[PDB]
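Visitor: Structure incoming, see below.
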Amino acid sequence: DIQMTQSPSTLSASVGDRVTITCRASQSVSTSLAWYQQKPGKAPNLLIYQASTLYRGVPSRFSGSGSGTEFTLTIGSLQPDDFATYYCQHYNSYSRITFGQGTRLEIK
Amino acid sequence: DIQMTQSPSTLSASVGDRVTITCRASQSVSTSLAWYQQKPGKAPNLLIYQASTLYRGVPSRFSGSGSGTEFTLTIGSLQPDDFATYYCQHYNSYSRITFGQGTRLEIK
Amino acid sequence: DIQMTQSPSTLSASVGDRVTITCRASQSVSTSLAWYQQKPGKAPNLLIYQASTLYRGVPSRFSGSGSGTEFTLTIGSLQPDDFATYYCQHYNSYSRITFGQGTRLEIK
Amino acid sequence: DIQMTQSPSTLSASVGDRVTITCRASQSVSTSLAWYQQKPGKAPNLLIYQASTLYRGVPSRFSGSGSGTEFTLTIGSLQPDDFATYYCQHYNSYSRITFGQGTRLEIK
Amino acid sequence: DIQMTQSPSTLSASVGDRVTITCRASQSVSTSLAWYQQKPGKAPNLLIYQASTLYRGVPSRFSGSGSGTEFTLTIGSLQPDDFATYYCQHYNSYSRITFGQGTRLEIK
Amino acid sequence: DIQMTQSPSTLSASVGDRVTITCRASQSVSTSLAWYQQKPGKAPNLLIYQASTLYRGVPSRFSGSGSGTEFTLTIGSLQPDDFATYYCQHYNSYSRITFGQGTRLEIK
Amino acid sequence: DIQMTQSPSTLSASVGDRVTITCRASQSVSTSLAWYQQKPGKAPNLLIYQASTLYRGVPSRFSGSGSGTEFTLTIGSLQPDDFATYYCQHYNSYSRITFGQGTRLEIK
Amino acid sequence: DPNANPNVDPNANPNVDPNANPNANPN
Amino acid sequence: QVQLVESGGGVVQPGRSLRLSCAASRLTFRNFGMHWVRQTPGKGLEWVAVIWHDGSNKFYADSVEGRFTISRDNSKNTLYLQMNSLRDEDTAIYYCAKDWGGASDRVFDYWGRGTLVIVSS
Amino acid sequence: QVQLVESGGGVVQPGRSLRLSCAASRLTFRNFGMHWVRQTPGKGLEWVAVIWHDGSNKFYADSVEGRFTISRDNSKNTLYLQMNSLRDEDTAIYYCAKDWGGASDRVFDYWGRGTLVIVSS
Amino acid sequence: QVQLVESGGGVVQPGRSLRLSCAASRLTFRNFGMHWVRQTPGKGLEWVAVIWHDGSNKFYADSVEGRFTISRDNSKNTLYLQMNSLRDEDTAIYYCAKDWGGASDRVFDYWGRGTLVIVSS
Amino acid sequence: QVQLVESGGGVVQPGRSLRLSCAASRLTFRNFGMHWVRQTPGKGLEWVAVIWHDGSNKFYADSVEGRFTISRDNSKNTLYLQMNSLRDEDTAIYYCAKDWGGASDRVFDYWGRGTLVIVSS
Amino acid sequence: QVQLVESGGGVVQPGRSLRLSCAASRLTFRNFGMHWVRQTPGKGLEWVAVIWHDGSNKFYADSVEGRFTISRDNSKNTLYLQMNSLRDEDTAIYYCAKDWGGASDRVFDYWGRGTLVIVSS
Amino acid sequence: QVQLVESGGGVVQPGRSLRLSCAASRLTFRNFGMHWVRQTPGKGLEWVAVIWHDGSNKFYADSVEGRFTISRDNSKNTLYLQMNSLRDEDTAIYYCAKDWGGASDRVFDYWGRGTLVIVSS
């Protein structure tokens, strides 16, 4: 099992700004990452897979980047409905699937 | 024996309508069926034999069709005299003659 | 031939109880099974045919079920007169007639 | 065709021991195999069918076992009358009936 | 799913020249590809399968080669009837079938 | 389908020598092959099936061997009558039956 | 093989104290180190892997540090149940798994 | 290397190949 | 009400012959095929044979194939089963039968009383 | 010489249902698996669904998972694809297909003419 | 007790015809399919042919396809196998057989005595 | 001795239909599936069609899919292959064949004589 | 549209067993591998187990190794995970999942609503 | 909760072979590579060997090359290691082990109880 650390734990931001979310792996996991956005009371939804590819039906304002141990989830234009909890997940070969702690986005 | 089951148990309709009565066989009986009409106070009379052939002297508004286990007696235009009890009777070879329960035709 | 195995060999119960007797076939017999009740000193009498149908004149407290190789005869409420030996007999096509061992119902 | 190979070709044995005769199929024959015992000058007699069932009238000291391609006939306690040539015969579906080469039993 | 990217999007040529159409995948598909020609107004037709084999009834001026992620469909001598849109399609194991964007050939 | 290529195309040999005909399948066909001998003007005759088993009535000088994609037909001692054209055939499951190009044996 | 030396062989301490047990490798093993505690009569159990990471279910009071050839286990507050034999075991790539001698921690 | 991972890579593809031969077996 | 009475039992040495009758009463005998059912002393039930309405076809259980001959005589309203080459396995109580007459169900409804046949010495 | 004719198109509101057919002619339909291929107005091709020869297994693209259900009628020599919960992304010409029949090549040889389905208001 | 006696043996030159009989006794011959089994001088056993109860279908081993014809006469209680274009490998003892009568067990129980056929010159 | 005699050949123009027959003799034709094998003038062999024993299933080579129809008449002991929309590639001598009868071996043993079919103008 | 419905929750003491179900709707369940994902009240996400399409292989996180059994019943269109020897750490919401289907992507798309399991006194 | 019970120990003479078993319970045995760790009476710990998940590759410590063999039977949920050319310096308590399953971490988590082997005379 592998420890995924994503920073910051909590980042407050307003509507329309540029917010980037990082996720750090304990070793190189190549590019077999994923990102999940969980709204309170609901199951998390898939956003990015392979750390750069946009999942079907997801708004284009979301973008993924990074490789190895450094990764970044970039939001092109934060929207009222975008505020939620973000989890970074990895599925590297010969390792078990683990998640991050989960960053929260707060208005203002 | 072979159980003769016909549906519906009771079907109400008004003069001038078209009604279809279906009889279900417990097992295949080829095309050796018959339909009888019992007006209360009278013994039933013959209408259809061989499941498709109109008897002699029966009004042509009566129609029968089907083979195997699904058979239908169809009345093209329901008439004031055509309210009575209808039975389906089979005479398949090597099986004994059985009758159904009998559908009631009730005015309006 | 097709061997018929019925279980249990002996099953004791008292008046008012509900018991189930099974019959297991070596190979599929579809629904071609029959259940016989033999009281001591007398020839067995027919109870069920077609593995589910009630024979004429038999009290409705008997019920049969099953298909393939697993079949069940159920007495809804045991009566003092229903204590006897029960046999399951198959008549599968192209296979010869065989009987089961014979389940015994013993009082108390 | 499915060519049967029964091994080994000849086992010498004395009265009272236990002998096992095998029959190997080139391809799966499920459980459809039969064992024949041919005493010299006579037509072979049936011993086992379905590779595990004992034919009627055969002494119980003969027993068969196995499925797939490895089938064994076992005589628990050999008797002086049980000295003969043994053939294994398959009757698998969609394949023609073939026989083994014939294992012999030799006294001492 | 593997996205299929083929280049160039539009390549213009005249009658008699030799042109090459490349198809690039995000991850290796071994040699499991195909090529399709769609003249405007009708359904596409099969040209190449297994990325190198010429389908039945196709003129031999068409040639396919490459393995892994880089593939090429080369027309040996352009003809007036080979002006159409070309789609490259993969059918790699454990991945769903996806087509390319579509390369068009324009006269002169 | 599976394309079959057999080499050499022509194999000249004399009486009493030993010849080897190879038949290479484009993809694995397990052990489902067949070897045919065609004398000029005659319908081809079966020699080997399952790539190693001798067909009934064929002289024992023919021998088949190999598995997977590489198969050989070897004539132990070529006889004056055995000068003809040879074809190899596959009948692998889920694939359509195809024949070879045809190896010719030429005297001297 | 890589010889693995740990010091001290025996170190006595009391409840509530803070103790280090060190282990030295004959050659660099990066951070591929593991640690085991063996209570008498029981198999050794995992405490630290990767020379710094805490295994699941291990109390936080144990801590490991070091890289290369010099490594150390630090127990913040020695507890009465922490009294056993401790081993240092490495799994460096291209080398076979070796163990230390085993520090014994003795009461008072 | 004796220390190579002796496991089965729990992230192997767990689904059915959708491109398996869907035809009938003509033989 | 239809009753079936059997007769012709007794004691026979192995290898001798024996004839069994199933004279019926008040049954439309000619329209119905008839079975013979054998109950061994071990309370097992075995089916023996069946003859069609006109006697056109017969079927025997393999345990009595070639040794048992069953014949039906419609005129005298009776059924016959003749036993040849008996042995220790044929000592049992023999019941007549009457197929229910359905299209495809081989079940017995009006059983006979039973006649006992003993093979011993 | 093997032609595929589809029908059942038209225009439907989002959220409604729609049935599509691929009645085939002169093809040995039962021995072949079939595919549905979608061509968007952007001239791109997407694979939709596949059904095996006997209907044992079906496979759908992720964009049509759970919304589309295909079935095959071997006796009637036709193929159905039922549409549920449509939306604006499904407005495209729908082609039939016939898998080439190779051992491991999922490639379509005999395409249909093409049926248009429009989703709008 | 069911005995099968075969006849018609002797010596014949290759290419000549020969007829074989399996006149049965005390068996209900009409209800049972029958088999011919050939035992070579090398003590091997080869199955030859089977005919159904009424002669509806026949099956032959590949070694006797088109040269051997088996026919059954239920009225006279006998079985016939007529051989044409004989050769040296058909010299063997020919055994009549009787299929056991099970649902799916094609196993011979009541064999005949045996008839020897010699093909030589 | 198993002889397969074909007929119905000749010369036709492209686009015309043509019927071939494979009247068999001395073979149990009903119990065997049969094949048609095509031998091109380039001396290469190509498989064409296979028909099951009772006509339940048919399989064709892709080069003759939808243009060739193979039907079997068990009563007349003959095999039919009717071609439609012929073209230049179909000039070859057509062989009948008989599947060996093995469990999993689709290998032809008793080939026919051969019928020459020419397509030209 | 594909909805995953979990059930079988409640409150249990440490050391007893508990059964969970993931009855699926409109998903082609047989063709897809499924996962169980646990979300602790501390808002952390922790993976539990995965079963392949037919159940050939199962992989567990070390936290539930030997405590949890994941079983799939394709016929009834549902997923089962049976819990044994629970403790305080297993107090969390349990989510069903469906693997996306990529060649090398282990990501979940169609999550279930979640079923709550509490281990306390 | 996943326990490894070793068996097959005792006292042996030098040079004689011996079989040991490591039958496991409730562990997903097929997915986990297993190890043998040897503990001498001098409290020294020596790793013996490792077998991969399916037995594809086996590695041994230098002290037991060519003398000890280790086999893994996933079907019966058990492990085997057989010793040959046994001698005094293998007098120890033998411990089974289960590799954790990490990407590059070769550590043991679930040890067995241990089975004692004595080499003496």
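Going through the structure tokens in order, the chains are called A, B, and so on, while each chain numbers its residues from 1 and the ligands are numbered from 1 in the order shown.
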From the DSSP assignment of the backbone, select every residue of stretch 3-88 of chain N that is strand (DSSP E or B), and format the answer as number ranges by chain.

Guide: N: 3-4, 7, 10-12, 18-21, 24-25, 32, 34-39, 45-51, 58-60, 68-73, 78-83

Visitor: So which residues touch residue L:56 within 12 Å, counting only C-alpha atoms, skipping near sequence neighbours fewer than 6 positions away, as a short mmCIF file (atom, residue, chain, number, x, y, z; two decimals) with C-alpha atoms, in the first residue's frame?

Guide:
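result.cif was written with the following content:
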data_model
loop_
_atom_site.label_atom_id
_atom_site.label_comp_id
_atom_site.auth_asym_id
_atom_site.auth_seq_id
_atom_site.Cartn_x
_atom_site.Cartn_y
_atom_site.Cartn_z
CA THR J 28 -26.69 -16.39 -42.96
CA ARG J 30 -27.64 -16.67 -37.24
CA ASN J 31 -23.94 -17.55 -37.72
CA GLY L 33 -22.72 -33.41 -43.35
CA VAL L 50 -20.66 -26.91 -45.35
CA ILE L 70 -26.36 -24.81 -50.36
CA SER L 71 -29.32 -27.09 -49.68
CA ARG L 72 -29.59 -30.81 -49.01
#

Visitor: Can you check which parts of chain E lie within 6 Å of chain M? Per residue, the shortest pair of atoms and distance in Å to one decimal, counting only C-alpha atoms, sorted by chain and number, as a tab-separated table.

Guide:
residue	atom	partner	partner_atom	distance
E:1	CA	M:102	CA	5.6
E:94	CA	M:103	CA	5.7
E:95	CA	M:103	CA	5.6

Visitor: Can you tell me which residues surround stretch 94-96 of chain I at a distance of at most 7 Å, considering only C-alpha atoms, apart from same-chain residues fewer than 4 positions away, and format the answer as a count of residues only?

Guide: 12

Visitor: Any idea what's packed within 8 Å of residue B:77, counting only C-alpha atoms, ignoring anything in its chain fewer than 3 positions away? Could you give it as a list in words?

Guide: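 Final neighbour list, sorted by chain and number: residues 15, 16, 17, 18, 19 and 61 of chain B.
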
Visitor: How far is it from atom CA of residue L:84 to atom CA of residue L:67, in Å with one decimal?

Guide: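 Here the two named atoms are 4.9 Å from each other.
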
Visitor: Given a cut-off of 12 Å, which residues of chain E touch chain H, counting only C-alpha atoms, written out as a JSON list (two decimals) with N, CA and C atoms, in the first residue's frame?

Guide:
[["chain", "number", "residue", "atom", "x", "y", "z"],
["E", 1, "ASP", "N", -10.90, 3.07, -23.06],
["E", 1, "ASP", "CA", -10.95, 3.36, -24.48],
["E", 1, "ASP", "C", -9.68, 4.06, -24.95],
["E", 32, "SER", "N", -3.49, -4.78, -34.30],
["E", 32, "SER", "CA", -4.94, -4.92, -34.43],
["E", 32, "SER", "C", -5.58, -3.61, -34.90],
["E", 90, "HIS", "N", -9.23, 0.53, -34.69],
["E", 90, "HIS", "CA", -8.55, -0.52, -33.95],
["E", 90, "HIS", "C", -9.58, -1.41, -33.27],
["E", 91, "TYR", "N", -9.18, -2.65, -33.01],
["E", 91, "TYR", "CA", -10.02, -3.59, -32.27],
["E", 91, "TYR", "C", -9.16, -4.37, -31.27],
["E", 92, "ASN", "N", -8.29, -3.66, -30.56],
["E", 92, "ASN", "CA", -7.37, -4.31, -29.64],
["E", 92, "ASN", "C", -8.12, -5.01, -28.51],
["E", 93, "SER", "N", -7.52, -6.06, -27.97],
["E", 93, "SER", "CA", -8.17, -6.86, -26.94],
["E", 93, "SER", "C", -8.38, -6.05, -25.67],
["E", 94, "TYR", "N", -9.50, -6.31, -25.00],
["E", 94, "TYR", "CA", -9.89, -5.69, -23.73],
["E", 94, "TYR", "C", -10.13, -4.19, -23.85],
["E", 95, "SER", "N", -10.16, -3.65, -25.06],
["E", 95, "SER", "CA", -10.46, -2.24, -25.28],
["E", 95, "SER", "C", -11.56, -2.12, -26.33],
["E", 96, "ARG", "N", -12.42, -1.13, -26.13],
["E", 96, "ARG", "CA", -13.56, -0.93, -27.01],
["E", 96, "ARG", "C", -13.13, -0.28, -28.31],
["E", 97, "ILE", "N", -13.90, -0.54, -29.37],
["E", 97, "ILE", "CA", -13.53, -0.12, -30.71],
["E", 97, "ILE", "C", -13.78, 1.37, -30.87],
["E", 98, "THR", "N", -12.75, 2.11, -31.27],
["E", 98, "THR", "CA", -12.85, 3.53, -31.54],
["E", 98, "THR", "C", -12.25, 3.83, -32.91]]

Visitor: Matching each Cα of chain F to the same-order Cα of chain A and superposing by least squares, what RMSD do you find?

Guide: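 My reading of the C-alpha RMSD is 0.3 Å.
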
Visitor: So which residues touch residue C:73 within 10 Å, counting only C-alpha atoms, skipping near sequence neighbours fewer than 5 positions away, as a PDB file with C-alpha atoms, in the first residue's frame?

Guide:
ATOM      1  CA  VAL C  19     -43.617 -32.745   6.197  1.00  0.00           C
ATOM      2  CA  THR C  20     -41.832 -32.765   2.834  1.00  0.00           C
ATOM      3  CA  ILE C  21     -40.544 -35.875   1.046  1.00  0.00           C
ATOM      4  CA  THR C  22     -38.074 -35.502  -1.820  1.00  0.00           C
ATOM      5  CA  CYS C  23     -37.167 -37.671  -4.802  1.00  0.00           C
ATOM      6  CA  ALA C  34     -45.690 -39.778  -9.753  1.00  0.00           C
ATOM      7  CA  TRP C  35     -46.141 -40.264  -6.013  1.00  0.00           C
ATOM      8  CA  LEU C  47     -51.434 -39.448  -5.313  1.00  0.00           C
ATOM      9  CA  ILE C  48     -49.722 -37.132  -7.828  1.00  0.00           C
ATOM     10  CA  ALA C  51     -45.223 -34.240 -10.650  1.00  0.00           C
ATOM     11  CA  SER C  52     -47.610 -31.419  -9.695  1.00  0.00           C
ATOM     12  CA  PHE C  62     -51.133 -33.091  -0.635  1.00  0.00           C
ATOM     13  CA  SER C  63     -49.029 -30.889  -2.912  1.00  0.00           C
ATOM     14  CA  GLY C  64     -46.234 -31.707  -5.330  1.00  0.00           C
ATOM     15  CA  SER C  65     -43.453 -29.584  -6.800  1.00  0.00           C
ATOM     16  CA  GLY C  66     -40.126 -29.692  -8.593  1.00  0.00           C
ATOM     17  CA  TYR C  86     -44.563 -43.192   0.026  1.00  0.00           C
ATOM     18  CA  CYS C  88     -41.845 -41.811  -6.172  1.00  0.00           C
TER      19      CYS C  88
END

Visitor: Counting only C-alpha atoms, what are the residues of chain F within 12 Å of chain E, and for each of them which pair of atoms is the nearest and at what distance in Å, to one decimal? Sort the table by chain and rising number, as a Markdown table.

Guide:
| residue | atom | partner | partner_atom | distance |
| --- | --- | --- | --- | --- |
| F:1 | CA | E:55 | CA | 11.0 |
| F:2 | CA | E:53 | CA | 11.3 |
| F:3 | CA | E:53 | CA | 10.4 |
| F:26 | CA | E:53 | CA | 11.7 |

Visitor: For residue G:67, work out the shell of residues within 8 Å, counting only C-alpha atoms and skipping chain neighbours fewer than 4 positions away, then give it as a count of residues only.

Guide: 5

Visitor: With a cut-off of 12 Å and counting only C-alpha atoms, select all residues of chain L in contact with chain K and give the selection as a PyMOL selection string.

Guide: chain L and resi 1-4+24-32+74+98-102+109-110

Visitor: Restrict the selected residues to N, CA and C atoms and save them as a PDB file, in the first residue's frame.

Guide:
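The file below, part.pdb, is the result:
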ATOM      1  N   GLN L   1     -19.285 -48.755 -52.229  1.00  0.00           N
ATOM      2  CA  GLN L   1     -17.892 -48.338 -52.149  1.00  0.00           C
ATOM      3  C   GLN L   1     -17.788 -46.818 -52.093  1.00  0.00           C
ATOM      4  N   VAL L   2     -18.947 -46.159 -52.054  1.00  0.00           N
ATOM      5  CA  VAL L   2     -19.058 -44.715 -51.862  1.00  0.00           C
ATOM      6  C   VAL L   2     -18.541 -43.985 -53.094  1.00  0.00           C
ATOM      7  N   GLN L   3     -19.456 -43.553 -53.957  1.00  0.00           N
ATOM      8  CA  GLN L   3     -19.123 -42.752 -55.125  1.00  0.00           C
ATOM      9  C   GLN L   3     -19.998 -41.508 -55.144  1.00  0.00           C
ATOM     10  N   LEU L   4     -19.372 -40.350 -55.322  1.00  0.00           N
ATOM     11  CA  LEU L   4     -20.076 -39.078 -55.402  1.00  0.00           C
ATOM     12  C   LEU L   4     -19.974 -38.551 -56.828  1.00  0.00           C
ATOM     13  N   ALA L  24     -25.375 -38.658 -54.620  1.00  0.00           N
ATOM     14  CA  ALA L  24     -24.518 -39.663 -54.012  1.00  0.00           C
ATOM     15  C   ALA L  24     -25.114 -41.051 -54.209  1.00  0.00           C
ATOM     16  N   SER L  25     -24.324 -42.068 -53.867  1.00  0.00           N
ATOM     17  CA  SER L  25     -24.729 -43.458 -54.053  1.00  0.00           C
ATOM     18  C   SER L  25     -24.027 -44.321 -53.014  1.00  0.00           C
ATOM     19  N   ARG L  26     -24.743 -45.309 -52.483  1.00  0.00           N
ATOM     20  CA  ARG L  26     -24.282 -46.326 -51.538  1.00  0.00           C
ATOM     21  C   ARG L  26     -23.844 -45.743 -50.199  1.00  0.00           C
ATOM     22  N   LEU L  27     -23.988 -44.442 -49.976  1.00  0.00           N
ATOM     23  CA  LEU L  27     -23.565 -43.805 -48.737  1.00  0.00           C
ATOM     24  C   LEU L  27     -24.793 -43.499 -47.890  1.00  0.00           C
ATOM     25  N   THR L  28     -24.641 -43.588 -46.570  1.00  0.00           N
ATOM     26  CA  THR L  28     -25.699 -43.158 -45.664  1.00  0.00           C
ATOM     27  C   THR L  28     -25.717 -41.636 -45.642  1.00  0.00           C
ATOM     28  N   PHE L  29     -26.281 -41.040 -46.696  1.00  0.00           N
ATOM     29  CA  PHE L  29     -26.136 -39.607 -46.928  1.00  0.00           C
ATOM     30  C   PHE L  29     -26.792 -38.778 -45.833  1.00  0.00           C
ATOM     31  N   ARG L  30     -27.867 -39.292 -45.240  1.00  0.00           N
ATOM     32  CA  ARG L  30     -28.611 -38.540 -44.238  1.00  0.00           C
ATOM     33  C   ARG L  30     -27.803 -38.273 -42.973  1.00  0.00           C
ATOM     34  N   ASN L  31     -26.877 -39.159 -42.614  1.00  0.00           N
ATOM     35  CA  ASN L  31     -26.157 -39.064 -41.351  1.00  0.00           C
ATOM     36  C   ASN L  31     -24.840 -38.313 -41.460  1.00  0.00           C
ATOM     37  N   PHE L  32     -24.502 -37.784 -42.631  1.00  0.00           N
ATOM     38  CA  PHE L  32     -23.234 -37.104 -42.844  1.00  0.00           C
ATOM     39  C   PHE L  32     -23.466 -35.696 -43.366  1.00  0.00           C
ATOM     40  N   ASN L  74     -32.258 -35.058 -48.168  1.00  0.00           N
ATOM     41  CA  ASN L  74     -31.938 -36.380 -47.637  1.00  0.00           C
ATOM     42  C   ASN L  74     -32.726 -37.473 -48.345  1.00  0.00           C
ATOM     43  N   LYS L  98     -17.214 -35.215 -48.301  1.00  0.00           N
ATOM     44  CA  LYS L  98     -17.961 -35.817 -47.205  1.00  0.00           C
ATOM     45  C   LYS L  98     -17.100 -35.727 -45.957  1.00  0.00           C
ATOM     46  N   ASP L  99     -17.595 -35.025 -44.940  1.00  0.00           N
ATOM     47  CA  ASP L  99     -16.837 -34.870 -43.707  1.00  0.00           C
ATOM     48  C   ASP L  99     -16.570 -36.239 -43.094  1.00  0.00           C
ATOM     49  N   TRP L 100     -15.361 -36.411 -42.553  1.00  0.00           N
ATOM     50  CA  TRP L 100     -14.894 -37.731 -42.144  1.00  0.00           C
ATOM     51  C   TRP L 100     -15.783 -38.376 -41.090  1.00  0.00           C
ATOM     52  N   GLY L 101     -16.453 -37.583 -40.263  1.00  0.00           N
ATOM     53  CA  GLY L 101     -17.262 -38.127 -39.195  1.00  0.00           C
ATOM     54  C   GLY L 101     -16.623 -38.094 -37.828  1.00  0.00           C
ATOM     55  N   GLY L 102     -15.432 -37.514 -37.702  1.00  0.00           N
ATOM     56  CA  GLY L 102     -14.785 -37.445 -36.409  1.00  0.00           C
ATOM     57  C   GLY L 102     -15.454 -36.440 -35.492  1.00  0.00           C
ATOM     58  N   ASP L 109     -12.788 -37.071 -46.873  1.00  0.00           N
ATOM     59  CA  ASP L 109     -12.216 -38.363 -47.231  1.00  0.00           C
ATOM     60  C   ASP L 109     -12.649 -38.812 -48.621  1.00  0.00           C
ATOM     61  N   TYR L 110     -13.961 -38.873 -48.861  1.00  0.00           N
ATOM     62  CA  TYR L 110     -14.491 -39.375 -50.128  1.00  0.00           C
ATOM     63  C   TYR L 110     -14.883 -38.195 -51.011  1.00  0.00           C
TER      64      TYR L 110
END

Visitor: For residue A:13, work out the shell of residues within 10 Å, counting only C-alpha atoms and skipping chain neighbours fewer than 5 positions away, then give it as an MDAnalysis selection string.

Guide: chainID A and resid 18:19 78 83 105:108

Visitor: What would the file look like if the residues just selected were written as an mmCIF file, in the first residue's frame with C-alpha atoms?

Guide:
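So the final result, stored in part35.cif, reads:
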data_model
loop_
_atom_site.group_PDB
_atom_site.id
_atom_site.type_symbol
_atom_site.label_atom_id
_atom_site.label_comp_id
_atom_site.auth_asym_id
_atom_site.auth_seq_id
_atom_site.Cartn_x
_atom_site.Cartn_y
_atom_site.Cartn_z
ATOM 1 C CA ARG A 18 -7.467 29.853 -10.772
ATOM 2 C CA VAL A 19 -7.092 27.025 -8.246
ATOM 3 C CA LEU A 78 -14.023 28.052 -10.730
ATOM 4 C CA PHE A 83 -17.082 23.694 -4.704
ATOM 5 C CA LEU A 105 -12.776 24.138 -1.691
ATOM 6 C CA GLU A 106 -14.495 26.914 0.277
ATOM 7 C CA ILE A 107 -16.234 30.009 -1.081
ATOM 8 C CA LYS A 108 -14.468 33.294 -0.269
#
